[PDB]
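First, one chain by itself in structure tokens, the form solved without the ligand.
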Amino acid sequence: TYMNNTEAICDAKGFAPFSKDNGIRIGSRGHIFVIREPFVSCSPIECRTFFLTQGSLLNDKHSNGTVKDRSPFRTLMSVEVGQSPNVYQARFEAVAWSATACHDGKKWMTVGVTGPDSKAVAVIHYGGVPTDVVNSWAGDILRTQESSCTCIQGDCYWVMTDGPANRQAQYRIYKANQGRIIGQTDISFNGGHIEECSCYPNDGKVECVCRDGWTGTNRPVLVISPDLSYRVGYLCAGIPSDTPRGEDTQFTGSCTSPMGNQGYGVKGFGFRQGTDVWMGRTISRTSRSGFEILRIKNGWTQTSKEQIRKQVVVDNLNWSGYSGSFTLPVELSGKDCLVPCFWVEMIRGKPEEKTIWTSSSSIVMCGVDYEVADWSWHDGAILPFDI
């Protein structure tokens, strides 16, 4: 049966640790894939950790990291949450150097984008087999979320970007059922930029907190309705949650346009709590180091900067990286609301470290009705490796 992800996001006071793979520590001797983007998505039976692979293994010359991100080897694979992205427990998903995945209640739908920069192709898989395709409509590195997509009552939605990573790019919302594209939509967001959206279902709609890699230090936001009508802008919150970014004091929030002159960025996430918001972010305003998660009152609908809670998951002396959102299906939590959870990728090796390779580990957190103490569940690997 299809999954009713119709409920509202549970109001949480903190986040308890879900899992930790320790993929890299384990990689010092085991057979682990050098990965990237260990995002999480759950089926009504289990949560899995998806990731990208170059077909290389840590401590092997193939992890030479000199291989382009968008290479002809990159593939999306997966394991159960917590297990390392090891070769022997891995499930193949799709050829891809950019992907997204979600379960609709019956089968897994995955979307692997591969091919050339000017004419890439995103293959949609359903039940472990390709079912539909999407060709680059703008001929400039077609890409997607790199985190869980969202299925609601049988139809799954996800956001895709095609165009430059600086100036205006083009953004679209896609909708499928059983691996078959049944609807799409162009997003008008002039002056705004959208990349690597972190979504989740909430009150029958799909909410996403994305990344503005053009000129915004605050995160773009777009609420998608099942008929592909939508709203889009920025996390109102008067606090910047991207990286790099400026100081909170020198930031005036905006629900409309991007604020801050910073241009780069990093994938992040955020959860609506009624009118409040849980927003994640690197602790360092300059580096992908540390990871904290703050709750701002009315931060979803107001240029508020009233911090109600601050929970540290990765101290600033440790590397972090991408982070994404996903939801615990009701059939797993046994709740009447959708438990909001997120994952935090922790990057090790190049460029901040002296190794010939680059990979990441992960730590997953989930809702919870209690305040959870600060701590650091960092990677832990001892670099460099035998190389």
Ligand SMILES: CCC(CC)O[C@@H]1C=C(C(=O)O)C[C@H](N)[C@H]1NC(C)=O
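For the two forms, the rigid core is made up of the largest set of C-alpha atoms that agree within 1.5 Å on superposition. Don't overthink the numbering: it's just position in the shown sequence, from 1.
Below, we turn to the form deposited with the ligand bound, even though it does not appear here.
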Using heavy atoms only and a 4.5 Å cut-off, decide whether all three of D69, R143 and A165 touch the ligand in the entry with it bound.
yes
Taking any heavy atom pair closer than or equal to 4.5 Å as contact, tell me whether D104 reaches the ligand in the entry with it bound.
no
May I ask you to state whether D315 is within 4.5 Å of the ligand in the entry with it bound, using heavy atom distances?
no
Is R211 part of the interface with the ligand in the entry with it bound - any heavy atom within 4.5 Å?
yes
Can you check whether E207 is within 4.5 Å of the ligand in the entry with it bound, heavy atom basis?
no
Report the residue, out of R288, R172, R295, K175, that has at least one non-hydrogen atom within 4.5 angstroms of the ligand in the entry with it bound.
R288
Just to confirm, with a 4.5 Å cut-off on non-hydrogen atoms, which of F73, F92, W137, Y264 contacts the ligand in the entry with it bound?
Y264
When the ligand is placed as it is in the entry with it bound, which of 182-190, 221-229, 96-104, 269-277 ends up with heavy atoms within 4.5 Å of it?
96-104
Residues within 4.5 Å of the ligand in the entry with it bound, restricted to 186-217 and counted by heavy atom
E195, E196, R211
Only residue that shifts (Cα, 2 Å or more, rigid core superposed) between the shown form and the other one, among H31, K335, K68, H62:
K68
